[PDB]
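The chain that follows stands alone, in the form deposited in one PDB entry, written as structure tokens.
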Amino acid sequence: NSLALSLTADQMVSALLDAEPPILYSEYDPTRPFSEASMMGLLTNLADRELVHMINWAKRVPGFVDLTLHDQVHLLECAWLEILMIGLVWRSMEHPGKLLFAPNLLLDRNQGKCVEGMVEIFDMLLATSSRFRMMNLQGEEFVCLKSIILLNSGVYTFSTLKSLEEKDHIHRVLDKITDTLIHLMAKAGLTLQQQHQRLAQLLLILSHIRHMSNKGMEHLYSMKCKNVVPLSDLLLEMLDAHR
């Protein structure tokens, strides 16, 4: 018996909106330009503090608590950077050409060259943010996509007859979020053709978010070996799950 399967479309959006994590500040001090090691320090420190809120956000995502602890660990390990990236891209919608990592940390692609190799990932994140702007992505749609990422990115990486009912339970919650997304677009006055098209457009962006997370995960492991910036113990464990 799961209360997630019993939620209505509006109750689904309400639960997700109420579970939104806070927008954290960085330690950025504009008095002195930062180095590659210190700019990455701000980024990795910010991500580490966000992971704590993401974990407590994931529990409030309907259906996530019904999963086993090892499955919750697996989903977060596989999805954590995707969830950070879509949040960054969402915050940056109203700031063309810039990435709003924190309210006190708004970076253009020129300043992103301070970190070696971080330039290509910077343009990809900007293009995703520009795509959300061109589509006029709604906050109700955004919280749906972020929950899909949590549940979907690790579902195809899981044996017994008892593993199917939990695997099927995730696809049931995923189906519920799909119904919720269509419900939102039908309210906005879109035809059935426009609803299906917008639904497809949103999900195809998740393919690019996975791509950005893959490249970002490899770049995060690069500086880990280079011993450049101190990485937190949780961030290292998140990084070791992919390697």
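Basically, rigid core = biggest C-alpha set you can superpose within 1.5 Å across the two forms. In case it trips you up, residue 1 is the first one in the sequence shown, and so on. Residues that one form lacks are left out of the comparison.
In all of the other compared structures of this protein with flanking residues present, residue 90 is modelled, so it falls below the one-third mark for missing coordinates. For the cut-off of one third of the other compared entries, residue 159 qualifies: that many or more give it no coordinates while modelling its flanks. Going from residue 158 to residue 159, the model skips 1 to 3 deposited residues, which lack coordinates.
For the two regions 23-31 and 176-184, the entry's Cα B-factors average higher over 23-31. In this entry, the higher average B-factor at the C-alpha atoms falls on 49-57, of the pair 201-209 and 49-57.
Sorting 138, 153, 129, 110 by the CA temperature factor given in the entry leaves 110 at the top. Per the deposited record, 119 carries the highest C-alpha B-factor of all listed residues (102, 143, 119, 170). Ranked by C-alpha B-factor against the other modelled residues of its chain, residue 73 falls in the middle third.
Residue 38: CA B factor in the highest third of modelled residues in this chain (values from the PDB entry).
Annotation for residue 123: C-alpha temperature factor in the middle third relative to the rest of the modelled chain, per the entry. Residue-level temperature factors show residue 114 in the highest third of its chain, judged at the C-alpha atom. In the PDB entry, a CA B factor belonging to the middle third of its chain's modelled residues is recorded for residue 95.
The form deposited in another entry is left out here; the points below concern that form.
Fit the rigid core and compare the CA positions between this form and the one not shown: of 9, 223, 235, 24, just 223 moves by 2 angstroms or more. Compared with the form shown here, the Cα atoms of residue 223 and residue 49 move at least 3 Å farther apart in the other entry. Relative to the shown form, the Cα atoms of residue 108 and residue 28 move apart by 3 Å or more in the other entry. Taken over residues common to both forms, the rigid core alignment between this form and the one not shown yields 28-34, 222-226 as runs of three or more consecutive residues whose Cα atoms shift by 2 Å or more.
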